[PDB]
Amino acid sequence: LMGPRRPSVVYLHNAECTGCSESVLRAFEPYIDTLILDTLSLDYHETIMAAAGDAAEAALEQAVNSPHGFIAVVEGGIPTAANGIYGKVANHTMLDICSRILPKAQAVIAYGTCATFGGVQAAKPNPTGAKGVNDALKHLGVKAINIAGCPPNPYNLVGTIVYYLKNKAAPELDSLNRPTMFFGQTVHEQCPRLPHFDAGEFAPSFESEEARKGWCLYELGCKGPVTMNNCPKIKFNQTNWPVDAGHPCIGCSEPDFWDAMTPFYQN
């Protein structure tokens, strides 16, 4: 699947909705074909790989055991309740899979709030005991770079990989292990509606003339002030982001946001 000249990437799917994988397919300059043909060697990825079943398992073992080393990108939370039974691949628990593979990686990136912090299946009452990768695998010494969001901006994944390949190390990380180059500012301090916030000009409802005129969405629940992400700067799909679409930020790059940021339409 690999060896030679392009760095090997092993991409794992735990308890996930595949939105993070889809977000990587939206990669722009570079696009995903450049990334898979020129930049990287994508050596395991259940969504798009040709092999299935035993052939896929063999592809995974060949990549993980390569003497050239591999980078792991991990999507989804790890279900830990009932000894990991709520999530299995090839009849192995996700907890066991990740416990065996991630300590062998030269670097691990947890991609998306589920992999970084536990995410939607970890929201109360967390029936499957879902955990983020670093929480689940603390005891094995795994320290994944956390690229948060639901899903993250793919700019932030490619930027972190490129940095890693150039500098042979992680970039500066915050106290949640997120790169400060992408997560160092609140989405609010970057928001175009900040002058209305400062002036106390809040939309009282989505149907209001204040909302039509672009007033601040804080009274409608916006979590921009407590959320670290680069959404207003980079935008999504080269064109938009939630509050420019008129909707409050729901805090999706923050740990436990499903419980901390709810009700989503209150502050």
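Residues carry their position along the shown sequence, with the first being 1.
- The deposited model assigns a higher average Cα B-factor to 68-76 than to the other stretch when 68-76 and 152-160 are compared.
- As listed in the deposited structure, the average C-alpha B-factor of 140-148 and of 105-113 is greater for 140-148.
- Listed residues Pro225, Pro242, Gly200, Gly221 were ranked by CA B-factor as deposited; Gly200 comes out on top.
- Of the candidates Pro125, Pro195, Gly87, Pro179, the PDB record gives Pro195 the highest C-alpha temperature factor.
- The deposited CA B-factor of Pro171 belongs to the highest third of values across its chain.
- Ranked against the other modelled residues of its chain, the C-alpha B-factor of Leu165 as given in the entry falls in the highest third.
- The deposited CA B-factor of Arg100 belongs to the highest third of values across its chain.
- Per-chain ranking of the deposited C-alpha B factor places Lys213 in the highest third.
- Among the modelled residues of its chain, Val120 has a C-alpha B-factor that falls in the lowest third, as given in the PDB entry.
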